[PDB]
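Participant: Got a structure here, written out as structure tokens. Questions coming.
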Amino acid sequence: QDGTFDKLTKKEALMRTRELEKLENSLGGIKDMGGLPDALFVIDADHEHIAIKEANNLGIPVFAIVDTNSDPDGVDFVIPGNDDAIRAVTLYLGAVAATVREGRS
Amino acid sequence: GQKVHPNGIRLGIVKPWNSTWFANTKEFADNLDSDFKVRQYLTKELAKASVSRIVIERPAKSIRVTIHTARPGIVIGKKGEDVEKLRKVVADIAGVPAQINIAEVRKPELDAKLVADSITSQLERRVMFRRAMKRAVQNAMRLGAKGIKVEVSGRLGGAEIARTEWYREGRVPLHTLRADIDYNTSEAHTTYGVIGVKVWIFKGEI
Amino acid sequence: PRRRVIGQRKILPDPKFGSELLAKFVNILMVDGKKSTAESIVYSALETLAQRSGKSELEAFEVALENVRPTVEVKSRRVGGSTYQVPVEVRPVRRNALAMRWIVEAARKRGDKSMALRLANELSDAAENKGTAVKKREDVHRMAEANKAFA
Amino acid sequence: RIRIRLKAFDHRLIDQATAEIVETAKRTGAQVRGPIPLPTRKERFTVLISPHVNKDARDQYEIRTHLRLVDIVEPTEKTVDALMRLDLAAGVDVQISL
Amino acid sequence: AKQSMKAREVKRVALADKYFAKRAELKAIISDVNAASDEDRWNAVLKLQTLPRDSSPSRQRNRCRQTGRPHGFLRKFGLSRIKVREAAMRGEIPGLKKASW
Amino acid sequence: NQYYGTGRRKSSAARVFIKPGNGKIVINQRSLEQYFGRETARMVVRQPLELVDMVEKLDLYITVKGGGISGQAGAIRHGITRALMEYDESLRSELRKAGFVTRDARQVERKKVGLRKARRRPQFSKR
RNA sequence: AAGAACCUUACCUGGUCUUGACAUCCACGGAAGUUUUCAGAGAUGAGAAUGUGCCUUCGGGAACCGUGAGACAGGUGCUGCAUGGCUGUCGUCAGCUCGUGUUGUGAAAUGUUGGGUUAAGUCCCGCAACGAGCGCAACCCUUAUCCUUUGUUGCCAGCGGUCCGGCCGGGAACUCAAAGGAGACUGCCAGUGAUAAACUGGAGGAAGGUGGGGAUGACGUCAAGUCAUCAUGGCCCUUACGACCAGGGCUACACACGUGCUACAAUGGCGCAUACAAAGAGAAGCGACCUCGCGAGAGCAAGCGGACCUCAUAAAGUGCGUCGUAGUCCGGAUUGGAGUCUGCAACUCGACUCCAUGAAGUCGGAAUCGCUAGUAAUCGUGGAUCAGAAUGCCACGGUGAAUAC
Ligand SMILES: [Mg+2]
């Protein structure tokens, strides 16, 4: 952003821009984590099977929202609801955000 | 035996020449023979003193030998006796008064010839080839280097068949020409035969 | 080739009156890379044919060529089993070149006095369709029209 | 007058050798002509990389010899001896002719 | 590499530079188209056998100086092709790098 | 007054000085008809002179060395095209849509080791 | 093997030498060295004249040479199936792997597969994979266009006079020349494509998509080739398998094969007049000029350890005259005399020019190789090897195609 971005080559500058965009939209949210997470709020258990399969391999609660076609086996606290409709997910997720943020009291 | 010499391929790009002198086609061969003779004699004499390379220049019909080593104290002796001893026993054959000059390096674990000498000296003490190779590579990498690759070949372990074993650590690009790569081979004559040990030390990329 | 879909090269036009077809004809006359001599022979035969038939250098060639210009050629395209011939229409860029090649091949033989005289006689003969290049054309047309069952 | 012809192997050494030998003679012995190119002599060699059969495998080496003329015009006192006993920056065969 | 042959060759060199290159007039100046057409030149060629079968410059094979190899020799460096390649790749010969053009 | 083109093609090197006057060509103290005008490729120098006529505009004092007949002639052609600069791209836009500006290096390849003439292998045989 | 007359030579016959030809130690006697005669194939033996310093521990020393024993030397003798190093090949083919994680009891798998694109696991996208290394590409050299310093033994457009030879004044514009930079990097536009990678086409540009060429050779395979270039484990000879020399052979020929040259002719052979190159070598060598011969070469003898001097006249090509499709003027093999050049010596066993001779051969069976561009085809030039000795090797340059459905 401030140092070396127009030094070597314009093609390589575009290369680095593409690399940064890819790395950020892939692993940009968990950037400032710094350690291991404590809870994994997941939106699906049938589609994102491997996420829970990995989170259950160690002592991390993986309570999540599951629909009818998923396996409520490895999840800690199953939440029955919809996973695709935006309205449904946003209601659940707004409740989640309010409960976590007032928990910062 | 299918690769090119990493030093010969970079003699003009990065790595310089060992002998830097100009002579015309009449005495070129005589000069090269004198250089070879002084080099082999100096090595046979200072084998126990760690010399990696010997630069042989000749300013104005006066030979100058810059000995790059790691232990200059054993080379010069107290009061410097051995240096003038070498000067005499070198000028006896060079034909002119020789000006020899020692130069030490405080990182002997990064020189190809020095590492090969260590491996050969450790092998000639019945040391395990695996232990020696691993210890040398670990020492080099903890002393500082962007990449190393050692290769031993022969009757290691006293076997009847010969197997070549190489161990690498880091980045060692031999096809990149701008890279600074030290390479040199050492022979080791044991009670069972000859063992060759070559080393690629990727000191830096430029 | 297999992947390269490159096309043909752009040859140099003729140093005489502008013409690419007789330039290609000259290019296919040359042995040992001697182009000056080939151009001299081509010009000699062209003048000898124009003065003898009444037409000019560019028109005379055209009449002769079309008499040796083949229609279809047979080539082996085996399809899962038997190996048979397949008569097919040849592209024009290869058709004219092959006509000129047959002309030069017929002229290589039949040595009258010189190469220029050979080629002028061969062109005159193809003009009335009784030479050897036309005989080769008819041999190709006979190889075709007989094995036309494979299509 | 003074024909100075210097030849060496490495150009990125001979060039600065010429620069120093020219400024150490023009700052006090000016009216010099500079580093004339004097094209390079390329001695090539083609050897066999194997000690035995497989002749088709050969190595190709060459040595370049770069030459330069300085061509000083006037035999000055700031020049004749200031050229002598100053033979550092070795690796370059220098020849002075009167 | 047949130290016998190497000593033989150095002996040849010594004896040749000792006898010839100093008395070559017996075959270079006397064998001339001049008044020496008489028995003088006959006695000259007669004494031309005074010197041993050696001593001639044509019996100098010019072997390598490190190994003593008769084939693959280069008069420029005085070494065979094997050793000249080895030295060139090690960096012993000045200016001699891999050629590419 | 007098303009210049360099020109070079296949080991050739030319110097074409171009001046307004007669339509003659004086090349190496020899005229164009007696230099190479009697051999083939007689108008490889006159090719880029019909799109812009030469008969009664200007003449050329030409020198050329290196290469052969056709090489030197192509070098002369390229030198003429480069010397046509007092009549700059205003005419080169037309001179280029027919060639006459492509350097066309395509130098002879070096003979390769083990080969015969840089492409002809030495007659492989199985047994 | 980048070059067998002797030499090289490692083989054979014959004559010899023996701690030995090559290297170190002890003791003894002699300066070393130089000229020369006898016998011999020579190795060698027997001799004859000369020479006596470098510093004085000065019972001699620092070298050299003559001899005796012992440690030893030497071996191109075997073992590449004991090895190092080096090399070829699959193959500049694009693949070979590792760390962590995950699946599987496990051997293992994933990564590295799949949709596209590329010369390329090149790139993009998807995907329990996330990354990395050796590879690819780039970095290196050369060529291709241009810019800057110098302008010579280089050049000379604009000028002075010319035996018009840039020969001489005169210049750093131009060619060439050795350095440092610019540029060519999918840079921009249109379409297609999953708005990605990328492909196609176009504008500028000398050059479009890795511009042309080269070096650069991945883990490994062939238990591949070399212990005859060299180093070395062990087996052996070590009064010999070691060592010196004269001659011979490696060049032998009932035959078979591979690699090239010469041709088989008229886009051509012969005689004459003509024009256009690059790259290189050179001092116990290249060797101007002049004289002699049809000639290879010889005699005198400048310049050059070199952008000046030499090698060194470039040929194909262009014009003229001849040859009329004949085994012919194509072809040049073999043969006898004589001569030139290197070398101590050219029979075995060199090259070269001339005199006479002229063969087979009239485009080649099955089968088989190279090449997609300045490449092929064709023509000539230089260099390493070398006293001399290539049609081979390496490199340079001239003309310069066809086809790729
Ligand atoms: Mg794979």
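Within each chain, counting starts at residue 1; across the structure tokens, chains are named A, B, ... in the order shown, with ligands numbered 1 upward in that order.
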Write out as a list in words which residues come within 10 Å of region 53-61 of chain D when counting only C-alpha atoms (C1' of nucleotides), dropping same-chain ones fewer than 5 positions away.

Facilitator: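 My list of contacting residues is residues 43, 44, 45, 46, 47 and 48 of chain D; 81, 85, 88, 95, 96, 97, 98, 99 and 100 of chain E; 113, 114 and 115 of chain F; 87, 88, 215, 225, 226, 393 and 394 of chain G.
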
Participant: Within 9 Å of ligand 1, counting only C-alpha atoms (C1' of nucleotides) and all ligand atoms: which residues, as a list in words?

Facilitator: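 Final answer, ordered by chain and number: residues 95, 96, 112 and 121 of chain G.
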
Participant: Print the selection's residues with C-alpha atoms (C1' of nucleotides) to a file, as a PDB file, in the first residue's frame.

Facilitator:
ATOM      1  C1'   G G  95       7.770 -34.280 -14.702  1.00  0.00           C
ATOM      2  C1'   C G  96      10.276 -36.094  -9.408  1.00  0.00           C
ATOM      3  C1'   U G 112       0.504 -33.776  -8.006  1.00  0.00           C
ATOM      4  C1'   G G 121       1.772 -30.048 -12.612  1.00  0.00           C
TER       5        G G 121
END

Participant: For region 5-8 of chain D, work out the shell of residues within 12 Å, counting only C-alpha atoms (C1' of nucleotides) and skipping chain neighbours fewer than 3 positions away, then give it as a PyMOL selection string.

Facilitator: (chain B and resi 20-24) or (chain D and resi 2+11-19+21-22+34-42+63-72+87+89-98) or (chain E and resi 94-95) or (chain G and resi 152-153+178)

Participant: For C1' of residue 244 (chain G) and CA of residue 64 (chain E), quote the distance in Å rounded to one decimal.

Facilitator: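 For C1' of residue 244 (chain G) relative to CA of residue 64 (chain E), the distance reads 22.9 Å.
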
Participant: Compute the chain E side of the contact with chain G at 9 Å, counting only C-alpha atoms (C1' of nucleotides), and hand it back as a PyMOL selection string.

Facilitator: chain E and resi 1-8+21+33+45+48-49+51-54+56-61+66-74+80-83+98-101

Participant: Please identify all polymer residues within 12 Å of residue 137 (chain C), counting only C-alpha atoms (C1' of nucleotides), omitting same-chain residues fewer than 3 positions from it, and present them as a PyMOL selection string.

Facilitator: chain C and resi 65-73+95+98-103+106+126+129-134+140-144

Participant: For chain G, which residues have at least one atom within 10 Å of chain A, if we go by only C-alpha atoms (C1' of nucleotides)? Write them as a ChimeraX atom specification, please.

Facilitator: /G:101-102,128,185-186

Participant: Select residues of chain B: the criterion is any atom within 9 Å of an atom of chain G, counting only C-alpha atoms (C1' of nucleotides); output as a ChimeraX atom specification.

Facilitator: /B:1-4,9-10,12-13,24,26,153-155,159-162,169-173,175-179,187-197

Participant: Excluding residue 64 (chain F) and residues on its chain fewer than 5 positions from it, collect all residues at most 9 Å away from it, counting only C-alpha atoms (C1' of nucleotides), and give them as an MDAnalysis selection string.

Facilitator: (chainID F and resid 7:8 12:16 27:28 72:73 75:76) or (chainID G and resid 175)

Participant: Selected residues, C-alpha atoms (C1' of nucleotides), written as a PDB file, in the first residue's frame, please.

Facilitator:
ATOM      1  CA  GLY F   7      20.755  -0.306 -44.575  1.00  0.00           C
ATOM      2  CA  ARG F   8      21.989  -3.816 -43.769  1.00  0.00           C
ATOM      3  CA  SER F  12      25.850  -6.465 -45.456  1.00  0.00           C
ATOM      4  CA  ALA F  13      26.223  -2.812 -44.455  1.00  0.00           C
ATOM      5  CA  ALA F  14      25.329   0.108 -46.718  1.00  0.00           C
ATOM      6  CA  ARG F  15      25.460   3.898 -46.853  1.00  0.00           C
ATOM      7  CA  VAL F  16      22.887   5.485 -49.163  1.00  0.00           C
ATOM      8  CA  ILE F  27      27.054   2.805 -56.388  1.00  0.00           C
ATOM      9  CA  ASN F  28      30.704   2.227 -55.430  1.00  0.00           C
ATOM     10  CA  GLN F  72      23.899  -6.045 -50.499  1.00  0.00           C
ATOM     11  CA  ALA F  73      20.913  -5.320 -52.742  1.00  0.00           C
ATOM     12  CA  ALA F  75      20.692  -3.660 -47.702  1.00  0.00           C
ATOM     13  CA  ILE F  76      20.467  -0.965 -50.383  1.00  0.00           C
TER      14      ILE F  76
ATOM     15  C1'   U G 175      30.199   2.200 -42.101  1.00  0.00           C
TER      16        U G 175
END

Participant: So which residues of chain A fall under strand (DSSP E) by DSSP, listed as a ChimeraX atom specification?

Facilitator: /A:64-66,78-80

Participant: Convert the current residue selection to file output with N, CA, C and O atoms, as a CSV table (one decimal), in the first residue's frame.

Facilitator:
chain,number,residue,atom,x,y,z
A,64,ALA,N,-24.1,-25.3,15.9
A,64,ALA,CA,-24.3,-24.7,14.6
A,64,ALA,C,-25.8,-24.9,14.3
A,64,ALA,O,-26.6,-25.5,15.0
A,65,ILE,N,-26.2,-24.2,13.1
A,65,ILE,CA,-27.6,-24.4,12.6
A,65,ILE,C,-27.6,-25.4,11.6
A,65,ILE,O,-26.8,-25.4,10.6
A,66,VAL,N,-28.5,-26.4,11.7
A,66,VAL,CA,-28.6,-27.5,10.8
A,66,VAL,C,-30.0,-27.6,10.3
A,66,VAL,O,-31.0,-27.3,11.0
A,78,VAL,N,-27.3,-28.3,18.4
A,78,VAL,CA,-28.0,-28.3,17.2
A,78,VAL,C,-29.0,-27.1,17.2
A,78,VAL,O,-29.7,-27.0,18.2
A,79,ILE,N,-29.1,-26.4,16.1
A,79,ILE,CA,-30.2,-25.3,16.0
A,79,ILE,C,-31.0,-25.7,14.8
A,79,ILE,O,-30.5,-25.5,13.6
A,80,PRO,N,-32.2,-26.2,14.9
A,80,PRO,CA,-33.0,-26.4,13.7
A,80,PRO,C,-33.5,-25.2,13.0
A,80,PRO,O,-34.1,-24.3,13.7

Participant: Kindly provide, as a list in words, the residues of chain C having any atom no farther than 12 Å from an atom of chain F, counting only C-alpha atoms.

Facilitator: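 Residues of chain C within 12 Å of chain F, counting only C-alpha atoms: residues 10, 12, 13, 14, 15, 16, 17, 18, 34, 35, 36, 37, 38, 39, 40, 41 and 43 of chain C.
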
Participant: Do me a favour and pick out the residues of chain G within 10 Å of chain F, using only C-alpha atoms (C1' of nucleotides), as a VMD selection string.

Facilitator: chain G and resid 143 to 145 157 to 158 174 to 176 206 to 207 212 to 214 257 to 260 275 to 278 317 to 319 368 to 371 373 to 376 393 to 399

Participant: May I ask for the distance between CA of residue 44 (chain C) and CA of residue 124 (chain C), given in Å to one decimal place?

Facilitator: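 We find that CA of residue 44 (chain C) and CA of residue 124 (chain C) lie 13.5 Å from each other.
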
Participant: CA of residue 104 (chain C) and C1' of residue 269 (chain G), how far apart in Å?

Facilitator: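 Going from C1' of residue 269 (chain G) over to CA of residue 104 (chain C) covers 23.9 Å.
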
Participant: For residue 24 (chain F), list every protein, DNA or RNA residue within 9 Å, evaluated using only C-alpha atoms (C1' of nucleotides), and leave out those in the same chain fewer than 4 positions away; present the list as an MDAnalysis selection string.

Facilitator: chainID F and resid 31:32 55:56 58:61
